[PDB]
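Asker: Shown below is the structure under consideration.
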Ligand code: HEC
Ligand SMILES: O=C(O)c1cc(C(=O)O)c2c(n1)C(=O)C(=O)c1cc(C(=O)O)[nH]c1-2
Ligand SMILES: [Ca+2]
């Protein structure tokens, strides 16, 4: 047998000769996520059945796109643990736990997720939460090399996305724009992990001369130097695409840090390359072209979203394009060689813009509704921080010419803080520089707000700039898609199931429960001529952690496991045990001032993980259902006693009295829970 995971440039480029394999996160460099396999089709997909499953170690967000090469599957679970499984029956071959430094677990904004690995010449590459990029021997399961990609240990840098390997170089970015960091993309040698090059996405100290054409161009679009301490943002924490013929690596750049443009860049400048699509030479990393989807990004509008390279008929002529549906709500068709904007259309309502100006390729700002930094109001904006589309991958099907997008219809308030926020030294707290996500505390209000949020699979036609068909979901954060030559599109839903639709009409043809929400993109491969289809299930991520209450509309519990199906499968689906009863809360406090003080601390230090207003999404602990014993050791826990479980220490940020204030607030919220509880039952 050949070396396991023996993938190289030519093998990926020639992926169609091996449709039974999935050797790059998006199967191919164009990341179309379209499988030529058709044993399973719109004619028999109804016979599909679970073949095997594997239980992952932690029940938190599962966002991994499995990689399959010659009988072996390489996937991941929470905290970047890498698994190698026999693709035929799910037998565990080896398990590599990089042991992501839990002391830095709170540096992750959106749950301890990982979107998968990459392979190359017998090695598996994984981006570890704590910021390390590591190579793993495909055969032994032992570490080959490891490098700390963090350019500054004082900044909250993390890695959640899947790396891509180009010309023997492992490409990876990082996350952290919610805490305040300067974004960048690094390329390391696949063999030694020796840094090949590094492309920063936003300028640094404006005093120093710009380094590289990219920065000479970007530096002009920023004013003042307050963004240097803030970080600037522009992290490339997710998607990447690559065109061999043009030798261009396509980088998806994220949002600005801080979010507020007035505090970040004197409310002036486009702030390149924030919320932009950037192309650079795969071998040198030098700038070639770019397209900014959201100039002066002020609403957390990243452009790290999935980019698909394809060829389409535009104006009667074949055009090699790049397609993307970033957070701002536009679907872009761009010439992947020159950066020319070929077309742009909203796939969802957008309150921030009055539409695109095709003469310049720049969107017109709707100040009255979105310029919260200039107007005086708290604007309800849509899309909001989770966009019209987030990380969940989309896919392209050449037999229909449609792009299947897991879209969102959500909104939130964006309010400007009058005084210039001052950077905080604590590394585990959001630092957005503005007020957002405000919502009712009462259950009635939350439910009402949740009804304004919804999701939907959009089968978009990039040429017509129109939706061919659409399928609605009760909430957001539904799974990524997968297209196949069998007139099928697969997708997992937030509400708990795995589905198969007819690619051309959207008719639901197959469906099974998944035991938990399915956010990861589905994958398909073959072994001994038999086609398999696998989903990575596990509710979690940013949605169900931060907006705990709203996400309850999904009615699913966390339960991370690999689920793979095949024609005839009869294996049984394992399900999570019932949620335990909630112990009764301790006596409520008469110190409202203390309660109030605690509420403000909680909002700034605990919401991203335990839920806004203490209402958890059920993935991470709900602080209103603490047992009497946990209440007894509340100080010890807050001060590091639970670090091994990802519960950061707050010993460096709070005084004991402050900890007690939060405690009193949580106990008060626990009593509110009691008053309600039925109102909560009607979320699902
Ligand atoms: C994400 C980085 C977190 C932030 C921010 C806060 N907490 Fe947390 N907390 C987190 C995890 C992953 C866990 C436990 C996971 C497991 O399975 O063990 C916890 C746990 C707690 C607990 C104990 C709950 C229980 O055992 O029932 C408490 C009391 C707690 N956390 C409090 C707390 C407070 C007050 C926070 C804001 C200052 C806070 N947490 C933030 C993850 C994260
Ligand atoms: O600003 C950043 O650096 C950054 C990083 C990440 C991450 O690494 O997961 C997310 C986001 N932003 C983000 O804006 C977002 O909506 C998001 C959702 C998720 C998820 O896993 O569901 N991650 C992230
Ligand atoms: Ca962000």
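Numbering (mature numbering (1 follows the signal peptide of the UniProt record, and there is no 0)), first residue to last: 1 to 684. Even for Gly, the Cβ is constructed at its ideal location relative to N, Cα and C.
Compare the C-alpha of residue 133 against each of 140, 596, 121 and 116 and name the closest.
Answerer: Closest option to residue 133, Cα to Cα, is 116.
Asker: Can you find a heavy atom of ligand 2 that lies under 6 Å from the Cβ of residue 310?
Answerer: It does not: the Cβ of residue 310 is nowhere closer than 6 Å to a heavy atom of ligand 2.
Asker: Express the C-alpha separation of residue 684 and residue 548 in angstroms, rounding to a whole number.
Answerer: Approximately 13 Å between the Cα atoms of the pair.
Asker: Closest by CA to residue 394, which one among 593, 239 and 580?
Answerer: Residue 394 has its Cα closest to that of 239, out of 593, 239 and 580.
Asker: Since residue 682 and residue 447 are thought to touch, with beta carbons under 8 Å apart, how far apart are those beta carbons, to the nearest angstrom?
Answerer: About 7 Å; that satisfies the 8 Å criterion.
Asker: Going by the CB atoms, is the gap between residue 585 and residue 662 shorter than 7 Å?
Answerer: Against a cut-off of 7 Å, the Cβ pair of residue 585 and residue 662 comes out as no contact.
Asker: Please return the same chain residues whose Cβ sits closer than 7 Å to the Cβ of residue 541, not counting the five positions on each side in sequence.
Answerer: Hits under 7 Å: 61, 63, 110, 111, 113, 477 and 519.
Asker: The alpha helix (DSSP H) with residue 666 in it runs from where to where?
Answerer: Taken as a continuous stretch (DSSP letters only), the alpha helix (DSSP H) holding residue 666 covers 656-675.
Asker: Can you tell me whether DSSP reads residue 286 as helix, strand or coil?
Answerer: In the structure shown, residue 286 sits in coil (DSSP, three-state: anything other than H, G, I, E or B).
Asker: Spatial neighbours of residue 536 within its chain, please: C-beta separation below 7 Å, excluding the five flanking residues on both sides.
Answerer: Here the set comprises 62, 64, 66, 75, 520 and 562.
Asker: If the criterion is Cβ atoms closer than 7 Å, does the pair residue 166 and residue 249 meet it?
Answerer: Cβ distance < 7 Å, so residue 166 and residue 249 count as in contact.
Asker: Quick one: does the C-beta of residue 617 sit closer than 6 Å to a heavy atom of ligand 2?
Answerer: Residue 617 Cβ: outside cutoff for every heavy atom of ligand 2.
Asker: Assign residue 152 to buried or exposed, taking buried as 16 or more other Cβ atoms, counted over all protein chains shown, within 10 Å of its Cβ.
Answerer: That one is exposed.
Asker: Cutting at 6 Å between CB atoms, please list the residues of its own chain near residue 676, excluding the five before and the five after it.
Answerer: Taken in chain order, the residues that qualify are 443.
Asker: Does the region 191-202 come close enough to the region 97-106 to have 3 or more Cβ pairs within less than 8 Å?
Answerer: Counting Cβ pairs under 8 Å, fewer than three are found: no touch.
Asker: Would the beta-carbon of residue 595 be found less than 6 Å away from any heavy atom of ligand 4?
Answerer: As for ligand 4, it is missing from this structure, which binds only ligand 1, ligand 2 and ligand 3.
Asker: Where do the N-terminal and C-terminal ends of the beta strand (DSSP E) with residue 11 fall, by residue?
Answerer: That residue, residue 11, is in no beta strand (DSSP E); its alpha helix (DSSP H) goes 9-13.
Asker: Where do the ends of the alpha helix (DSSP H) carrying residue 492 lie?
Answerer: From DSSP, residue 492 is part of no alpha helix (DSSP H) but of the beta strand (DSSP E) over 488-492.
Asker: Could you tell me the distance, in whole angstroms, from the CA atom of residue 631 to the CA atom of residue 426?
Answerer: Taking the straight line joining both Cα atoms gives about 24 Å.
Asker: Return yes when at least one heavy atom of ligand 3 lies under 6 Å from the C-beta of residue 255, else no.
Answerer: Yes.
Asker: From this set, 13, 126 and 384, which residue's C-alpha is nearest residue 137's C-alpha?
Answerer: Among 13, 126 and 384, the Cα nearest to that of residue 137 is on 126.
Asker: Unbroken beta strand (DSSP E) runs of length 3 or more, entirely within the region 421-493: which are they?
Answerer: Runs of the beta strand (DSSP E) inside the region 421-493: 454-461, 466-473, 481-484 and 488-492.
Asker: So, with DSSP's three-state summary, where would you put residue 81?
Answerer: Coil at residue 81, not helix or strand.
Asker: So is the beta-carbon of residue 300 under 6 Å away from any non-hydrogen atom of ligand 3?
Answerer: Checking every heavy atom of ligand 3 against the Cβ of residue 300, one is found closer than 6 Å.
Asker: Taking the DSSP output, what are the residues bridged to residue 362?
Answerer: Paired residue(s): 357.
Asker: Would you check whether ligand 2 has a heavy atom nearer than 6 Å to the C-beta of residue 390?
Answerer: Correct: residue 390 has its Cβ closer than 6 Å to ligand 2.
Asker: Helix, strand or coil for residue 593, going by three-state DSSP, please let me know.
Answerer: Residue state, collapsed to three classes: helix.
Asker: According to DSSP, which residues form a beta bridge with residue 748?
Answerer: This structure cannot settle anything about residue 748, because the visible part of the chain is limited to 1 through 684.
Asker: For residue 481 versus residue 491, is the C-beta spacing smaller than 7 Å?
Answerer: In this structure, residue 491 lies closer than 7 Å to residue 481 by Cβ.
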